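Asker:
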Amino acid sequence: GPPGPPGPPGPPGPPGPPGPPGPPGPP
Amino acid sequence: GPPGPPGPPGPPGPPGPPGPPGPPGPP
Amino acid sequence: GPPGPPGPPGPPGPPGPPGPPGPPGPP
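Residue numbers (the deposited numbering), protein chains in the order written: chain A, 3 to 29; chain B, 3 to 29; chain G, 3 to 29.
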């Protein structure tokens, strides 16, 4: 028989890296 | 014969984008 | 006839969520 259908897409990827630091504070 | 079983799930996805920048700093 | 071979793996999963917010900024 022919090959079966391709499987489902995989699991979601890992969360992204934490963001950059914020701006400096008030003078 | 009949087509074969479904294939394996795909690989997990790539990591997500970085997070947003943080809050401004303290005064 | 015999069933066919299992199907190929699926596509990669979706990219993950954006990451956590970044650290607060410098004082």
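Built from N, CA and C at the ideal position, the CB exists for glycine as well.
List, in chain order, every chain D residue whose beta-carbon is nearer than 7 Å to that of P4/A.
Answerer: The structure shown contains no chain D; the protein chains it does contain are A, B and G.
Asker: Less than 8 Å between CB atoms is the rule here; does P29/A satisfy it with respect to chain G?
Answerer: Position 27 of the first sequence, counted from the first residue, corresponds to residue 29/A. Chain G contact via Cβ: absent.
Asker: Please list, in chain order, all residues of the same chain as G6/G whose beta carbon is under 7 Å from its beta carbon, the five residues on each side excluded.
Answerer: As a working note, residue 6/G is residue 4 in the third sequence. Same-chain partners within the cutoff: there are none.
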